[PDB]
Visitor: 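Before anything else, here's the structure in question.
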Amino acid sequence: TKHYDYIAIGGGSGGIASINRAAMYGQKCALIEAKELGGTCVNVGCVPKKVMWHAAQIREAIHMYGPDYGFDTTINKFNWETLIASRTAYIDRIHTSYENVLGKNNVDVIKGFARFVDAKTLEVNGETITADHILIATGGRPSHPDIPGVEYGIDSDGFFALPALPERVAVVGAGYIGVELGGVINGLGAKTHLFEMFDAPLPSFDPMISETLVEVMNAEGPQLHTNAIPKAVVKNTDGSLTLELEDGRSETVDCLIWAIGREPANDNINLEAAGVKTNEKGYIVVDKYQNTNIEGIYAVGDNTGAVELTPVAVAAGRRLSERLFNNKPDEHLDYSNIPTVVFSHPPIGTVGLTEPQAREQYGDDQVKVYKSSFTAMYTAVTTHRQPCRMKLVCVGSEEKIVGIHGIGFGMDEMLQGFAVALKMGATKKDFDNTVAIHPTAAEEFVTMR
Amino acid sequence: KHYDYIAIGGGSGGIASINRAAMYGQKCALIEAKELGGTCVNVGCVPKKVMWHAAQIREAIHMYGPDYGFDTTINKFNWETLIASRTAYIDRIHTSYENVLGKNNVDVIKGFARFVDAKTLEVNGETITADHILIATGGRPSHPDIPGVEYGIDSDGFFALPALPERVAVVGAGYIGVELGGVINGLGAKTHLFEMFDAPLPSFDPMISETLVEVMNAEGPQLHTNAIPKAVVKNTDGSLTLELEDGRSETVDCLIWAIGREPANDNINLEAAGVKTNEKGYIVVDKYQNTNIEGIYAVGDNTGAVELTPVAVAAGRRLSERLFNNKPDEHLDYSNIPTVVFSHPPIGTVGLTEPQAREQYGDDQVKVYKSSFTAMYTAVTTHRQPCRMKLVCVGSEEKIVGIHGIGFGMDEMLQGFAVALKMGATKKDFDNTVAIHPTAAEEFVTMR
Ligand SMILES: Cc1cc2nc3c(=O)[nH]c(=O)nc-3n(C[C@H](O)[C@H](O)[C@H](O)COP(=O)(O)OP(=O)(O)OC[C@H]3O[C@@H](n4cnc5c(N)ncnc54)[C@H](O)[C@@H]3O)c2cc1C
Ligand SMILES: Cc1cc2nc3c(=O)[nH]c(=O)nc-3n(C[C@H](O)[C@H](O)[C@H](O)COP(=O)(O)OP(=O)(O)OC[C@H]3O[C@@H](n4cnc5c(N)ncnc54)[C@H](O)[C@@H]3O)c2cc1C
Ligand SMILES: NC(=O)c1ccc[n+]([C@@H]2O[C@H](COP(=O)([O-])OP(=O)(O)OC[C@H]3O[C@@H](n4cnc5c(N)ncnc54)[C@H](O)[C@@H]3O)[C@@H](O)[C@H]2O)c1
Ligand SMILES: NC(=O)c1ccc[n+]([C@@H]2O[C@H](COP(=O)([O-])OP(=O)(O)OC[C@H]3O[C@@H](n4cnc5c(N)ncnc54)[C@H](O)[C@@H]3O)[C@@H](O)[C@H]2O)c1
């Protein structure tokens with residue numbers, strides 16, 4: 001058997017962040033990945049989605065806004081194969097960068113699917129390896145509905161494997177992934193329909209965000225269908241698929257994408273053998289320091305049920321290696337006020353409490369909301385004017401800012417800075433005392449009246 | 001007629017100060033010779049940004065779209081459509097401005113005002129009088145004193161251009177020169193940029209100058225440093241040949257002076273009010289925007305302070321707070337003002353440059369963090385562009401005194417960081433925040 005100080009199961013965001021930090025303090029480490037390095041983030045998530053988002057932004061420039069700025073252009077050809085080759089080449093160069101860094105840090109990368117032989121032993125490819133500290137960073141995977149014809153839909157992994165852009169696409173589920181892919185496919189030219197079980201897209205976000213998003217979509221696509229509850233998917237005689245809803249609505253398309261949630265990938269690794277406890281949903285239960293109930297086994301990232309975001313798996317994975325191997329016994333991630341950007345059309349940025357949450361937690365007379373609404377300047381000189389709505393949720397006399405939300409051009413790059421100030425306990429007067437930068441969407445948050 | 005407060009100038013400073021004064025029950029009049037909005041709405045920040053968004057759309061089509069798979073033909077670029085669309089936007093902004101002043105009960109008087117004495121103004125033959133008078137007259141383009149200077153235009157002339165010239169020389173590679181040069185180059189003209197010093201943006205942090213030289217060497221405009229024009233010859237065919245002191249020469253169709261601005265404080269008879277000006281013609285003001293004469297104040301570009309719209313607005317609303325809302329110490333802190341240059345790519349900077357930080361605190365005390373990466377949007381193209389960022393820290397606590405960057409995203413990311421900088425953030429504050437992925441911005445909280 002080969003023995004290691006630390007082994008990670010999963011070469012995704014959690015797994016790579018922690019192994020490299022531990023390695024960096026002299027721990028002899030092994031990282032085991034069953035598929036490609038970079039996990040979901042690099043291969044079927046964050047990086048390919050944002051290259052697909054920029055491609056959509058380019059077509060809308062050529063085709064929607066360019067006209068009104070005076071450019072008459074013909075798109076002679078949209079070569080999907082060229083987009084997918086540039087996207088894929090870039091991900092192969094990121095794979096090298098990672099192998100390079102794991103290599104300079106002496107981590108042994110093992111490609112195979114690890115299973116637990118007992119609390120301290122893992123078998124991978126018939127070989128048996130052991131360590132004193134094992135990190136399970138297996139992530140998660142797409143959920144699928146138990147309905148007839150479910151097997152005719154693909155999920156977001158199948159989207160990144162698409163050979164061609166289908167002319168008619170239905171995305172079922174309007175959380176992060178359906179809103180983003182719905183925005184992208186729509187923007188790339190396909191007739192898109194977005195179905196959502198509930199009465200609004202992005203149901204859990206602040207109401208101002210969901211409402212603006214409905215407005216924008218009614219005007220530019222995708223075509224939204226709320227209260228949509230999938231009954232079955234019929235494969236038609238000509239090869240198209242008809243989605244049938246419980247209430248009788250139906251829609252016929254060329255490609256159906258299920259974007260209805262992610263389940264955890266914890267089921268096949270023979271956890272029972274190690275005795276690790278998972279909850280009823282199947283996530284590994286961890287405490288505040290990422291520990292499972294078995295001493296020496298940790299878990300970070302999407303398999304734990306925490307907010308499913310790459311930076312969060314990186315910071316909890318990295319702080320776990322600090323705590324364990326660099327003598328900071330209390331290091332641990334603070335899971336509150338974590339910023340998010342949805343790469344929708346237009347992009348959403350949120351950190352903190354939604355206004356509903358603040359009125360529930362603090363009471364109506366304590367909650368003071370500022371709201372600004374304007375037209376993004378990029379769309380203002382065209383016939384496709386688009387709203388930017390922004391909101392600050394404040395509490396108490398001090399007007400301590402407890403929530404910052406915006407939907408508009410600019411939201412993706414503006415939020416980081418404001419979330420550092422939120423972490424610093426900014427009050428509205430702190431925002432008001434900073435000179436604005438003109439002309440930017442950003443400056444609206446420091447001149448809210 | 002008698003007023004409590006009159007602003008001379010309906011620009012960024014004049015509008016902000018008067019509407020704030022009107023909120024405290026004062027009787028106000030705004031005087032403006034030309035159009036509401038000043039240099040900012042009319043021939044400044046707003047039409048420049050529309051033009052920047054035009055260049056970006058053309059760069060997207062023409063320079064980056066083929067790598068993402070879009071084979072496009074720009075059949076026609078119609079300059080008249082863009083200008084009509086831009087002009088219409090600006091007429092819309094002017095209607096909002098009238099609307100605000102009117103609801104606030106401000107008298108707007110269209111005319112050019114002149115002092116009769118410290119408390120008296122003549123405008124259109126009328127005499128009006130007040131107890132507090134703000135001079136917010138801003139500045140105008142400077143022009144060199146050389147043979148043929150009248151063949152070149154300045155940034156006002158740029159916004160009045162009937163068509164895009166085929167070949168353009170921008171003389172002056174500071175804020176305006178670098179921003180127009182990058183717009184004109186991105187819109188397809190053969191563009192040259194001339195600067196008398198050895199670097200573009202020579203007072204910015206060195207990392208920003210160095211990175212601009214690099215991208216301009218790759219993508220244009222064609223930069224000529226240590227170049228001082230000697231003369232401009234107009235040719236028989238109507239083109240213009242720019243003659244340099246060092247003998248180098250360039251023949252263009254259009255020349256834009258972007259050599260600096262000068263205060264518009266001269267034909268208003270300051271002498272009768274006794275207000276004093278400095279050697280450069282700017283109105284000398286104190287911390288609270290007071291001139292030497294009691295009852296007369298000045299804000300914005302005509303005082304010599306940093307020429308930005310946020311600054312004239314901020315100083316103007318704080319002056320009304322001081323004067324009309326009993327806040328006697330209210331004033332603008334002119335340190336740590338954020339600035340974005342809408343160059344290609346945009347520059348964002350707030351605080352001390354690394355040279356400045358090292359002089360003031362000593363090498364001994366300064367820690368700098370740096371980041372160079374490729375803009376993700378350009379990474380999949382054959383026109384990959386750098387994105388450089390720098391945090392300047394002092395002390396053991398690593399108090400951040402400077403945040404600088406050049407790259408895609410810099411125009412929108414800087415405002416938040418500048419609040420955190422204004423709150424006294426240390427590098428520990430930046431790194432205790434979770435990153436947003438994937439963004440350019442997450443770089444400022446993950447540097448090591
Ligand atoms: C479409 C989509 C878009 C997204 N967009 C964003 C975004 O823009 N911003 C953001 O912050 N987040 C985004 N996310 C979420 C983000 O990608 C994940 O939260 C993040 O990748 C989670 O990291 P992780 O370490 O938990 O696991 P993962 O990155 O999923 O990787 C876990 C690894 O474990 C490996 N593994 C599993 N079992 C074994 C085994 N037994 N042996 C060996 N290897 C094994 C898997 O192959 C996998 O590579 C997106 C996700 C999706 C699906
Ligand atoms: C091309 C260009 C781009 C710029 N871009 C930016 C940018 O992106 N960001 C930024 O923040 N700043 C930018 N600026 C600078 C910004 O426009 C100015 O700093 C700001 O407008 C100055 O405010 P002000 O009130 O001092 O003067 P101004 O805005 O110049 O307004 C002064 C007004 O005074 C009026 N006036 C003058 N004399 C009289 C008189 N005697 N009687 C009556 N009316 C009179 C004038 O008609 C004018 O309207 C730019 C400037 C230029 C030239
Ligand atoms: N930019 C980002 O930060 C980003 C982007 C994409 C994904 N991610 C992460 O991955 C996570 C999982 O994303 P997701 O979108 O798959 O899950 P989700 O829960 O965010 O969205 C699922 C949506 O589909 C709806 N739905 C559920 N069952 C349905 C059904 N039977 N029929 C119709 N609609 C149904 C749900 O109401 C919900 O609105 C995200 O929550 C996020 O944490 C992050
Ligand atoms: N986005 C913004 O914030 C913004 C944008 C544009 C302008 N502004 C403001 O307006 C102010 C004035 O702008 P500006 O760009 O006209 O001037 P500037 O002072 O910024 O730059 C003038 C440049 O021309 C050079 N120069 C001077 N004489 C020269 C000559 N004879 N030949 C060749 N080169 C010569 C100078 O060295 C300098 O580099 C700026 O300081 C800025 O504050 C703000």
Side-chain angles (χ1 to χ4, degrees), chain A residues 9-15 32-36 38-41 43-46 49-50 112-115 124 137-140 142-143 145 156 172-178 180-181 195-198 201-204 228-230 259-262 265 268-269 300-303 307-313 317 340-343 437-439, chain B residues 8-14 31-40 42-45 48-49 111-114 123 136-139 141 155 158 175-176 179-180 261 264 267-268 299-302 307-312 316 340 342 436-438:
Chain A
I9 295 171
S13 300
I32 314 183
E33 173 52 68
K35 298 194 193 135
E36 299 310 298
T40 293
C41 163
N43 303 288
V44 281
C46 319
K49 169 288 293 310
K50 178 99 179 287
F113 185 91
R115 305 181 173 249
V124 201
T138 52
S143 304
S156 55
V172 188
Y176 282 83
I177 285 165
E180 293 187 327
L181 301 193
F195 297 74
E196 166 51 62
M197 172 186 264
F198 290 112
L202 243 40
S204 46
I229 289 188
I260 56 142
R262 279 178 69 88
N268 284 122
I269 55 168
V300 302
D302 296 359
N303 66 352
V307 75
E308 303 189 354
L309 301 175
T310 271
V312 172
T340 350
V341 171
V342 191
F343 281 101
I437 295 150
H438 189 61
Chain B
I8 300 186
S12 300
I31 305 179
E32 173 54 50
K34 300 175 220 71
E35 286 303 324
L36 290 197
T39 301
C40 169
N42 299 294
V43 298
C45 340
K48 176 280 298 308
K49 187 59 178 283
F112 183 91
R114 286 182 153 103
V123 198
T137 48
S155 50
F158 167 78
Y175 277 79
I176 285 173
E179 287 184 320
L180 291 191
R261 280 178 67 83
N267 279 356
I268 49 165
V299 303
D301 292 359
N302 75 335
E307 301 177 345
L308 301 171
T309 288
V311 182
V340 172
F342 289 88
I436 295 149
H437 191 72

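Each ligand, and each atom within it, is numbered from 1 in the order the structure gives. To find a chain, count down the sequence lines: A is the first, B the second, and so on, and within it residues start at 1.
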Visitor: How does A/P145 reach ligand 3, if at all, at less than 4.0 Å between non-hydrogen atoms: by side chain, backbone, both, or neither?
Guide: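 Neither part.
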
Visitor: Determine whether any heavy atom of B/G111 lies closer than 4.0 Å to an atom of ligand 2.
Guide: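 Heavy atoms of B/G111 do come under 4.0 Å of ligand 2.
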
Visitor: Out of B/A113, B/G37, B/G138, B/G9, who is nearest to atom 42 (N) of ligand 2 when you count heavy atoms only?
Guide: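 Comparing heavy atoms across B/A113, B/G37, B/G138, B/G9, the nearest one to atom 42 (N) of ligand 2 lies in B/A113.
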
Visitor: For ligand 1, find out whether one of its N or O atoms is nearer than 3.5 Å to an N or O atom of A/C41.
Guide: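 Indeed, backbone or side chain, A/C41 has an N or O that close.
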
Visitor: For ligand 2, is B/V43 a contact, meaning one of its heavy atoms is under 4.0 Å away?
Guide: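 In this structure, B/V43 qualifies as a contact of ligand 2 - some heavy atom is under 4.0 Å.
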
Visitor: Please state which option from A/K35, A/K49, B/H437 has its nearest heavy atom closest to atom 5 (N) of ligand 1.
Guide: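 Shortest heavy-atom distance from atom 5 (N) of ligand 1: A/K49.
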
Visitor: Is A/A137 touching ligand 1 with its side chain, its backbone, both, or neither, if touching means heavy atoms under 4.0 Å apart?
Guide: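 Within the 4.0 Å criterion, A/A137 contacts ligand 1 through backbone atoms alone.
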
Visitor: Is there at least one pair of N or O atoms, one from B/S12 and one from ligand 2, spaced under 3.5 Å apart?
Guide: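 So ligand 2 has an N or O lying under 3.5 Å from an N or O of B/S12.
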
Visitor: Side chain or backbone, does B/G13 bring an N or O within less than 3.5 Å of an N or O on ligand 2?
Guide: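 Between B/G13 and ligand 2 (N or O atoms, distance only) the closest approach is under 3.5 Å.
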
Visitor: Would you tell me which option among A/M197, A/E308, B/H437, A/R262 has the nearest heavy-atom contact to atom 34 (N) of ligand 3?
Guide: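 Heavy atom nearest to atom 34 (N) of ligand 3 belongs to A/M197.
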
Visitor: As a check for students: among A/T40, A/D302, A/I9, A/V312, identify the option with a heavy atom nearest to atom 18 (C) of ligand 1.
Guide: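 Nearest heavy atom to atom 18 (C) of ligand 1 lies in A/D302.
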
Visitor: Compare A/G39, A/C46, A/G15, A/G301 and give the one whose heavy atom is closest to atom 6 (C) of ligand 1.
Guide: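 Minimum heavy-atom distance to atom 6 (C) of ligand 1 goes to A/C46.
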
Visitor: Are A/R262 and ligand 1 in contact, using a heavy-atom cut-off of under 4.0 Å?
Guide: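 In this structure, A/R262 qualifies as a contact of ligand 1 - some heavy atom is under 4.0 Å.
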
Visitor: Does even one non-hydrogen atom of B/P438 get within less than 4.0 Å of ligand 1?
Guide: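 Judged by the 4.0 Å heavy-atom criterion, B/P438 does count as contacting ligand 1.
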
Visitor: May I ask you to check if ligand 2 and B/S155 share an N or O to N or O distance below 3.5 Å?
Guide: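 N/O-N/O distance under 3.5 Å: no.
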
Visitor: For atom 52 (C) of ligand 1, what's the nearest protein heavy-atom neighbour? Residue, atom name and distance, please.
Guide: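 The closest heavy atom on the protein side is A/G45 CA, 3.8 Å.
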
